[PDB]
Structures are given as structure tokens and as C-alpha cells.
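J.: This is the structure alone, sequence omitted:
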Ligand SMILES: *[C@@H]1O[C@H](CO)[C@@H](O)[C@H](O)[C@H]1NC(C)=O
């Protein structure tokens, strides 16, 4: 089952294990340690200004 | 009776920024956040001039490490054949209509 | 000065043909102009202005859905309807799915159900439009000569400082006469109109980060466009794209939002322009300009002065900077007044006589005291050399060794010459000056092949560009006449090249 | 030529919202600059700043990463530094000074000089 | 020269119907067109007009959309605005002004100037 | 971002309607169209290229189909 | 939804950094690869199909490139 | 929907004053339709501008119009003593109707 | 990140005084950023150094800066009569924040 917000739908273990987003593992106590993160938070610069 | 096999954060809240700014041939910039765990860092090379103020000129090796955060993760909750069920119904026309 | 170690800087050596030099100014770098005489002016182009603007459409990211009140009818008392469709703020899809005897026809089969949702947005693009008039490319002028790299301080925004000079050139007033006190008035005539092909670029807002995109791209977005004329009651065209009516197979119909599409729109923006806005403009980075730089009125300033006296104490170790010059900044001590600054690159000392062609002509210190503060630049030869000012007793000498060979500067320079041909190309032939039957016939052919090419292969991402590159390559290894194989392999090779040059 | 004034930061109570203003005068603010340096009586000048310009950006000293902010209003060339909760130790003078901004309007590397002029100073007391 | 003159009405009690005349003088009728701009003293001018005297067409402000109706008479070269079901508030003075029609005789987009002349006014008051 | 996977490379086959089955296909085609509506030139180049390989008449057309379909979708 | 246009079909060419030029050009490639790592079977079928058209050797390989690239992206 | 015009203004003779008429994109911004009507109170209004920058023939030449964005600026210089006419800004909206601004009572000293 | 310069050193008119600012490799040593702020008891600390030296436009030759690693030495000689003020040494750390030494209040004559 794949829950986003208050809706739910089945997905296999290929589309679901193929997602680029952060991993997170099993549970959310406190705030979790987010695997990956490269997909979100894309940062680059030109002109060599910070 | 479902488990949770992984999660994805479909939203993002960046924070806290800062930057490195060490000169060329000073080696590397540190900034300690690459030590701590959720602060994403990508090291880039700022060709650095006298405005900043350094001895040589060329790739300057800084990275801004901004602290990641999440909101509203999508859970991947998983199941197995157990803890499943059906609840089938039966008809048998006979003579009825509505019960 | 104002451009050192700035990378993409390109210095043009000598205008030629009667004090006329044309140059292309792109934000990613500088241009430092040096003539046979006259100060060495360092032009650097910063920012761009977006003026009045205007809104074109809008797009919704996020769909609230309320109500959904439904209407069903019998197998035959037509298809369904309900009051809420005339509202036009709702969305309804009549799908014929339901059954008999359950609801009530005494007529097994069909059914028509209208399901109407209330559609209100939250976050939305404006998608403003740019027209070439009224945008002026701010441009900064920085002449070398006497200067620390601050110390004078006062910049030349309003003036004082007398070394630099801001110019804002707009298509309603080009020819930005710039007055550099005591050097000369450097006039320059730029075309703001024709450089970037605006009017093909809509200025695009999201939440804060703003972008520039094609009308061709911006009209093709599958969102419930708006018309952007006014609000008061925003009327959303479409609404169909962002909500989806999922009817269950056994019975009934559901209204389901597609949720915030926000990020997906970020993905679709791959390769925009990164843009900055403020209330009346929206600072535009990137860009490029074309300008004929008129050197007519200039003076070397104090060509006529003494050689100073004893000093030569220099503050720093020149610093071998990128591409060319070793940029020197001395402090002749004890000088009386506005006296010249002797500098020469010596192949051997020995009998003086340097060949260096330094790029900072007639350097001049300021007033009396001792604080002095003059910064220079010298282009030495690639071999070993001695940096020397040769005045007073025993002066002060320095030993310096450049790296790389004339072959290296040869390949290096055409490397970038190619990138000038690659990005912004078809104006790249405007980097050189006083051309005819070399640079114009050149820019002409390149402009025709450029228009055809862009028209032929538009729609090309980097990966695509490489693929079709290799296909044209493989044909270039085959077929016949040594023409379509050579023309084909040629054009394939240039895509591959434009790809790699884009990436680098 | 260049004037920087503030309105005085008297004394509030421990748990008070103090807002200090810096009125830029004469010198064109446009792309101007600013800073805030609070020093207590004969204190270790502290730099609790905000590199503001036209754009309204800020970067705070690790010490005030989330305690105080200073919004820009170019209607009057005024910067407002607001430190939430004036506790007792703050009695120090908050000066506003400028390090005029880079050409591009974006501020990263400051000028060689920092502060060419300074506010009059504001004594704000927690008592 | 160009002359516009009007009929000086009276109150005609709340709920009555005013009829004001604009008889154009000193220029060519057949290119006159016509407007009606209400004003009493102390508030903003409203434009409740119509725009076409060649064909007799009309366009009214959405406020007055159906209240006024307008007759043109070329024999008298006169346009008659008539405001039915007037109320206490519409105590005002009604000027008639011109913005010359394009030659096609169809009036869609005005001259760049609008009103080069004005009726001399008719103050209308409601009891 | 650049969420690659399109669940339709798998989907699931069942009596009931899947998520966006209609929106899905029409969408795949309407993407290609206002791709090529904005680059007729590439129809020229693709034409000459395809007609230059295979000599066999029809595959020619197969090459045009392959090339017109890959340019907008992947790349 | 399913916003079709990918702005790279035009981009803009300027010395300055485009939006996602890096993660762009690759996320193309890395999309194709797993897509292929999850369906080796289609590498078999695509292989036999391509190798049955054109008879010309290297034309074959063009067909496999044609088909392997068309399947994951353009449905 | 009346255009925004400020209530009133004064000052020394010869001195330039600026009257600001702010509309929306529906009218003042996406059109060059503007005019400022000098209305001598109790007398009939007259039109002191037309086509913005332009002026009718019988206009005192020291009136000047201007526009950028949504604005209409009537800038007068060396105000001669009898220049108090209630200034109303008016423009042609996109919908095909004309709207007169709130008007600026002009105050001479 | 802190500035440790000395608290107050005394010297007679004309003999030279030397204030030492000792920083980190993260600020003083790894950059050219140094500035010395003369703070009179009465007026706000004002600029009087900036980048090792380079007098701003009030040279009053008698002030000179220097650096040797993580040092900042402002050497004043020729005591400027009533030049007594607190002197603060400043630096731009690389983390992007400014730090100011503990100050050296000076004693003159
Ligand atoms: C700075 O500009 C002012 C005028 O605003 C001038 O009086 C002063 O001499 C200038 N100083 C320098 C170093 O340019």
C-alpha cells in the first residue's frame, strides 16, 4: 500500500523500489534520517557567486 | 495488520544555508555540517578573485550545506498474504425481490 | 580591475580600422579592451532590467474539491443533469454507468450520472510576458591604470572615484555616453533590441523563484489556464486536466484531485534561466549584448609626467592568475606627485629592453604622501622572465616563470573561440572588428547555416543531440559521393561538438 | 553627506519585544547595505547582523539565527532590527553600520572596508 | 464655433423621468456621436453614456444598463437622453460631449482624444 | 526529482479501472503531437535521414516512425 | 496534470547556468537503464525483432537502438 | 470602477506639481487612452491633454502628461495663478466604457 | 570564533604601540580580512583600518597594520595626543559571519 495523504493505492515492488526520492526506512520516530536527498534539494551556481 | 517498508518525502523544506569560502591552495573548506547527518552538501569550485581576497586564483572549493527537512512523507506500507480477507456475499434467487 | 580572475573575460587587443571595435557582452564574463594607445578599459556587464511587463494566462497547482453532488436518471429518461453545471465554476463529466432495479427503473441497464465538483485554486503561476522595449542592460565600465582594488573606495556609481562609470543603455536611448574623468568620454553604441530574441520569452513566476521560458513551451502546459485579465471571480478554463473522475467498475463515480502538481512543473522547467525579481523589474541574469565600442575620445591621462623617484616596494607576490597576466601592485615610496609608474618585463637583465606587451598602459600613482596604492597587470612571455621597473639604485627585481607554450595558448584560445561560436553563436563573428570579406561573409554564412540548422533540428535535448550526432556519424562512415557522407558526417560532428560545449 | 540615526532603545522588561530602526540619510540607500553590531557597556563588540540590501536578504550570526530579524523599507531607507524578548543582559548599544553592496545587487563578498559610517547608537535596557 | 446647448430641467420628484436634450451646433452633424456624463457637486464623475449617433446605436454603463434610453433626431440634430426611475441620489448635472466617429460611421474605437467640447450642463435635482 | 518510473511499464490488469487509463493513453499521443507541431523542421531532417537508410521502401517508413517517435519522448 | 512540455526541447543558450543541466542530461540516461534492468525480456524480443529487419548488419543495430530507446520513454 | 486619483494639492508659482492617476491593466496600462479634464467649477469641463503627451491646440504648453505601468501623471510647471481647475483623469477601459478618476482639486499656494 | 586582541597598552607620546589580534586559520590567517575600529567613549566605533592597512581617507599617518599567520598587528607610533580609544580588530570568518576581538582599550599620556 502507498499512502500519500488520505488516499491509498497498490503499486508493485518495481515502480515502488525505483523511485528516486529519499528512502527513510521503516519508521518516523522524532525526525528520521533521510537517505539519499539528492533528488530534492538541487543546488548549483554559475558566475562563481556562492 | 500492515507494516511499513520504507518511505518517501514528496515535499522539502531547506534551511540554514551558510557557506565555506576558503581560498585556493588553502586546501579545503570544512564547516562541520558535512559531519552532521541531514545537512546536504555539494562541494563546488568557485574561481575566486581578489574581491573575496585570496593569494592565487582558480577553483576555490566551497560548499553551502543547507539543513534538509521533511513534511508529509508518503509511506510505502507493505502486506503479505496473511492478514488478508474477502467477505464474499451469496444470492440464491428463489423468490424475493428485496429481502 | 573589475575583471581579474573572473574567468570568461576576453580581452580584445587593439580595435583597428579607425577606432571602431565591436564586442559581445555576456554576463558570464567580462571584456577588457586594450588599444595601441589609450587606457585599457575593462567592460563588465551586470544585470538586466525587466520593466512594465504584463500577465498572460496563469496556471493552477492545487485543486480544492468540495460539493460533488450527483444526479442520476432512469435508463431512458434521457441522460442526466443538475443545476450546478450552469455555474461554470464546477466541472462535471456525465458517464453512463449504473444499473437497473437497484436505483429504480424496472429497466435493467445503463444509467447516466453527472458528478459536479467545486474547483478552487491555491498556488498559481502568473506567466507574465516580456516585450523587448523598455528593458535596459545595466553595464559597468572599469578602466585600469592607477588602482588598489578598493582603497580608493567610493566606487564610481555617482562619479567620484573617477576610474569607473555606470551606463544604462535602453533601446529608447542607446549610445550611452560615459564620462571617465581625465581619461576620456568613452561612448558606446549597443543594440538592446536584437540580441536575445525576447517576445519569445515569458517571465514566469511560481512562489518566489522566477524563470524565463518559451511561449512555445509556455502555451503547451496542460494546466487550467486562466486568461490573467483580472480576478474578482477567477474563471478556470479546463479544470478537466487537473481533476480526474474515477468511476468504480461495479457502481458509482468518484471525484479525485491530482494533488499539487508543483514539483512536476519544476521538472518540466529543465534548462530555463534562473531569474531574480523585485517590484518593478525582476533582475535578469544571463543574457548577452552586442555593442560597437567607440574609442574615439580617450586620452592616456598623464602620459606627460615624471617617472616618480624611489619606491618599488611591492605589496604582494604578483599572483599568477588565470589566462595571461601576472597582476602587479606596488607602492613607490616617497613620491612627490602625480608621477608615472615604469614597468617592463625583461627577457634578461642585462640590458633592459622587455617585449612584454603589458596590458596596463601608462600607470599613474596619485598625489603625494606615501600611501601610494597602484595596481597593474603585465602579460609576460611563457618562458622564464624577470619583472622589473628599473629606476633608482638597484630598483627591485622579481623572478617569474609562466607556464604553457604558444601551442597551449593556441589550442586554449580556439577552445573558447569555439564556445563563443557555440553559445550565442551567429553573433560570435561580432567579437572581431572592422571586418569585411572575412568576418561578414563569415557571419553571413554562419547565420544562414545557423537559421537552417536551428530550424532543422529544434527540439533537441542534450541526449537527443548526441544520438542524432552519432547517427549522422554512422552515415558519415558510409554511402557515396563523399558528399552526403561528408556533409552528413560534418553536421553530425558539429552537434556532438555543440553538445559537449554546452556541457563542458 | 551620510547620516545614520536610530530611535533610542530605553529599557523594557525581561521578556520584551524591542524593535530598533535605522534611518539612512543622504547617502543613496538604493543598493545600500547595513549591519547591526550590539556592544554592551565596554563590551566585546558583538556582530549580530543581517547583510541586507535592496533584495531584503539576511544572514544571522549563529547567536541570533532565530531570535531577531530586520525587514527593509526603501520608502524611507530604513532597516528595522527586531530582537524578540529583551532579556536583562542585552543592555548594550545597537549600532547600525553599512558595508555598501556589490555592483550586481547581490551581496556575498563584502568590501575591503566594512563600516564607513555608523548609527548614533541605541541603549536598550532589560530591567 | 462648436456649440452644445441643453435644457435646464427641474426636480420631477423621486421616481419621475428626466428628458434632457443635447442639440449640437457649430459643427457637422453626421460626425457628432455623443456622450452623457453625470455629475453633481462633491464626488467622482460617472460616465453613463451611449456611443453612436450615425446609426443610432448605444452602449450604456453597467450601472445604468437599463435605466436610460436615448433617442437621436438628426432633423433637429439632437440627442435626447432620458433617465427613467430616477432616485434621490441621481441629483446631478448631465453634460453631453462628443468624441468623433471614425468615418466608416461605425464607432468602436474612439479618437485618441475623447471630449473636445462639452454641453454647458443641466442640473437635475430630485425631491 | 526527475521521478523516472512510469507505473504503466508494469500496471496491473484487473476488472476495475486503473488510475489514469484514459488520461494516460490520449496523453501519450497528445504529447507527441504538440511536440511535432512545434518543430516541423525536424520532420524534414528526420524525413531525409530515414529515407537515406534501408533502400527497401517501407522500413524507410519504419525509420521515420522510429525517429519521429524517439525525438520528443526520450531525449 | 501529466504536464507534457519539457522545456529542454528549446532550452536557452547562455554562458550562465541553466536550471537543471546536469541532473537533466543524465536523468535521461538513468531513466532508460533501470527501465531496461527491470525488463530484460524486452531486450530479448527487441533483439529478435530488430535483427529481423533490414538484413544489412549495422542497420540491425540501429533498429535495436531505435527500439530500446523507444520503449521506456515513448510508451 | 473609478480610477484612483488623490483628493488635492498646492505650492509656489512656477513650481512643478505632479498629479498621479493610477488605474489597472484593464484600462490605463494596456492603453494609451488617458485625458486630464480641467473643470472650472460651475463652468463646463475642458480637455487639457489628449493622447497623453499630446495636447489640444489651445492648451497652455506647460502642461505635460506621462505614463508608465498603471499611471497617469499631469506635470505642470511654473503654475500661473489661475490654474486651479479640478483635474479629473479619464480613460477608455478595455470593456468599451470610460471612467473618470476621483479628481484632484488643485490647491494653488 | 573569537577575537583576543589585548585590553589596553600604554605608551608615551611619540614612541610606538603595537596591538596584537590573534585569530584562527578560519578567519584571520586564511583571509586578508582585518579591520581596526577606533571607538572613542563618546562616538560610534568608526572605520580606521580595513584590510591590513590602506587608510580610508583619514590617513593620519601613524597607523599601520600587519599580519603574520593569524596575527593582526596595528602598530601606532607618534601617539596622536588624545588618540585614546578602544580598538577592536574585526575579521570575516569563512562561515560567512564577522567576529570582533575583545577590544584593546588604550592609554596615552
Ligand atoms: C567620494 O565622493 C565624495 C562626493 O560624494 C567626494 O567629496 C569625495 O572626495 C570622494 N572620495 C573618494 C575617495 O572618492
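T.: Now that the structure is in, tell me what you want to look at. Numbering: from 1, shown residues only, chains lettered A, B, ... in the order given.

J.: can we go C-alpha only for contacts and neighbour counts from here?
T.: Will do.

J.: give me the number of residues near residue 42?
T.: Here I'm looking at chain A. Applying other CA atoms under 10 Å in any protein chain shown, we find 13 residues neighbouring residue A:42.

J.: That was the other one, I meant chain H.
T.: Counted with other CA under 10 Å, residue H:42 comes out at 9.

J.: before we move on, what about the one 5 residues further on?
T.: Residues lying near residue H:47 (other CA under 10 Å) number 23.

J.: Quick check: bridge partners of the closest residue to it other than its chain neighbours?
T.: Spatial nearest neighbour of residue H:47, chain neighbours left out: residue H:37 (4.5 Å); criterion: CA to CA, 6 or more residues apart in numbering or on different chains. Residues in a beta bridge with residue H:37, per DSSP bridges, are residue H:47, residue H:88.

J.: show me what contacts residue H:37?
T.: Neighbour list for residue H:37: H:45-49, H:86-90 [criterion: CA atoms under 8 Å, 6 or more residues apart in numbering or on different chains].

J.: mind running it again at 7 Å?
T.: Shown in contact with residue H:37 (CA atoms under 7 Å, 6 or more residues apart in numbering or on different chains): H:45-48, H:87-89.

J.: which residue is nearest the centroid of chain H?
T.: residue H:36 (3.2 Å; CA atoms, centre = their mean).

J.: can I assume that one is in contact with residue H:86?
T.: No: applying CA atoms under 7 Å as the test, residue H:36 and residue H:86 come out as separate, 9.6 Å apart.

J.: Count the neighbours of the residue of chain F found nearest chain G for me.
T.: Nearest residue of chain F to chain G (CA to the nearest CA) works out as residue F:73 at 4.7 Å. Counted with other CA under 10 Å, residues neighbouring residue F:73 total 21.

J.: List the beta-bridge partners for the nearest residue to residue H:66 once chain neighbours are set aside.
T.: Among residues not flanking residue H:66 along the chain, residue H:73 sits closest, at 5.1 Å (CA to CA, 6+ apart). With DSSP bridges as the criterion, residue H:73 is bridged to residue H:20, residue H:66.

J.: ok, now how distant is residue H:73 from chain D?
T.: Distance of residue H:73 to chain D, computed by CA to the nearest CA, to the nearest Å: 20 Å.

J.: middle-most residue in chain D, spatially?
T.: Compute the mean C-alpha point of chain D, and by CA atoms, centre = their mean the closest residue is residue D:36, 3.0 Å away.

J.: distance of it from residue D:42?
T.: Distance, residue D:36 to residue D:42, using CA to CA, to the nearest Å: 17 Å.

J.: cool, and residue A:35?
T.: For residue A:35 relative to residue D:42 (CA to CA), the value is 49 Å.

J.: How about residue D:17?
T.: Counting by CA to CA - residue D:17 and residue D:42 are separated by 24 Å.

J.: now residue A:18
T.: Going from residue A:18 to residue D:42 by CA to CA gives 62 Å.

J.: The two: who's more crowded?
T.: Shown here are residue A:18 and residue D:42; by other CA under 10 Å, residue A:18 has more neighbours (17 against 14).

J.: Could you find the closest non-adjacent residue to that one?
T.: With sequence-adjacent residues excluded and distances taken as CA to CA, 6+ apart, residue A:18 is closest to residue F:5, at 6.5 Å.

J.: buried residues in stretch H:40-54?
T.: H:45-54 (16 or more other CA atoms under 10 Å in any protein chain shown).

J.: Max pairwise distance over the residues you listed: which two?
T.: Set against one another by CA to CA, the buried residues of stretch H:40-54 have their most distant pair in H:45 and H:53, with a gap of 19.4 Å.

J.: tell me the residue furthest from the middle of chain F?
T.: Distance from the centre of chain F peaks at residue F:15, with 27.8 Å (CA atoms, centre = their mean).

J.: ranges for the strands of chain H?
T.: All strands of chain H, identified by DSSP state E, fall at H:8-9, H:17-21, H:35-39, H:45-47, H:63-66, H:72-76, H:86-92, H:98-100, H:105-106.

J.: What count of nearby residues applies to residue H:26?
T.: By other CA under 10 Å, the residues close to residue H:26 number 15.

J.: dump the residue contacts of it.
T.: By CA under 7 Å, 6+ apart, the neighbours of residue H:26 are H:93-94.

J.: Point me to the residue of chain D nearest chain F.
T.: residue D:57 (27.0 Å).

J.: in what helix or strand does that residue lie?
T.: Assigned by DSSP states H and E, residue D:57 belongs to no helix or strand.

J.: burial of the closest residue to it other than its chain neighbours, as a residue count?
T.: Closest residue to residue D:57 apart from its sequence neighbours, by CA to CA, 6+ apart: residue D:51 at 6.7 Å. Residues within reach of residue D:51, counting by other CA under 10 Å, total 22.

J.: Check the one 4 residues further on too.
T.: Other residues near residue D:55 number 16, with proximity taken as other CA under 10 Å.

J.: any idea how far residue C:282 is from it?
T.: From residue D:55 to residue C:282 the distance is 10 Å (CA to CA).

J.: sorry, back to before: mind listing what the residue nearest to residue D:57 touches?
T.: Listed by CA under 7 Å, 6+ apart, the contact set of residue D:51 reads D:33-35, D:57-59.

J.: how much space between it and chain E?
T.: 47 Å.

J.: So that residue: helix, strand or coil?
T.: Assigned state for residue D:51: coil (three-state reduction, DSSP: H, G, I helix; E, B strand; the rest coil).

J.: and the residue of chain A found nearest chain G, how many residues sit next to it?
T.: The nearest approach of chain A to chain G comes at residue A:46, 5.2 Å away (CA to the nearest CA). By other CA under 10 Å, 14 other residues sit near residue A:46.

J.: any idea which element the residue lying closest to residue D:20 once chain neighbours are set aside lies in?
T.: Once flanking residues are discounted, residue D:20 sits nearest to residue D:81: 5.3 Å by CA to CA, 6+ apart. Using DSSP H and E, residue D:81 falls within strand D:78-86.

J.: Give the other helices and strands that that strand contacts.
T.: strand D:16-25, strand D:68-69, strand D:72-73 (3 or more CA pairs under 7 Å, 6 or more residues apart in numbering or on different chains; DSSP states H and E).

J.: how close does the nearest residue to residue D:82 once chain neighbours are set aside get to chain B?
T.: What sits nearest to residue D:82 in space, not counting adjacent residues and going by CA to CA, 6+ apart, is residue D:19, at 4.2 Å. Using CA to the nearest CA, residue D:19 is found at 24 Å from chain B.

J.: Please apply the same query to residue F:62.
T.: Counting by CA to the nearest CA, the gap from residue F:62 to chain B is 41 Å.

J.: That residue - that's part of a helix, no?
T.: Yes: membership of residue F:62 in a helix is supported by three-state DSSP.

J.: from the chain's centre, how far out does stretch F:28-35 sit?
T.: How far stretch F:28-35 lies from its chain's middle: 8 Å, per CA atoms, centre = their mean, to the nearest Å.

J.: Go through it and flag the buried ones.
T.: F:28, F:31-32, F:34-35.

J.: Residue of chain F closest to chain A, please.
T.: For chain F, CA to the nearest CA, closest residue to chain A: residue F:1, 4.5 Å.

J.: Please work out how many residues are found near that residue.
T.: Burial of residue F:1 is recorded as 21 neighbouring residues (other CA under 10 Å).

J.: Okay, the residue of chain A at minimum distance from the ligand and chain D: tell me how far apart.
T.: Per CA to the nearest ligand atom, the residue of chain A with the smallest distance to the ligand is residue A:49, at 26.9 Å. Distance check for residue A:49 against chain D: by CA to the nearest CA, it reads 7 Å.

J.: Now do the same for that residue: helix, strand or coil?
T.: Classification of residue A:49 by three-state DSSP places it in coil.
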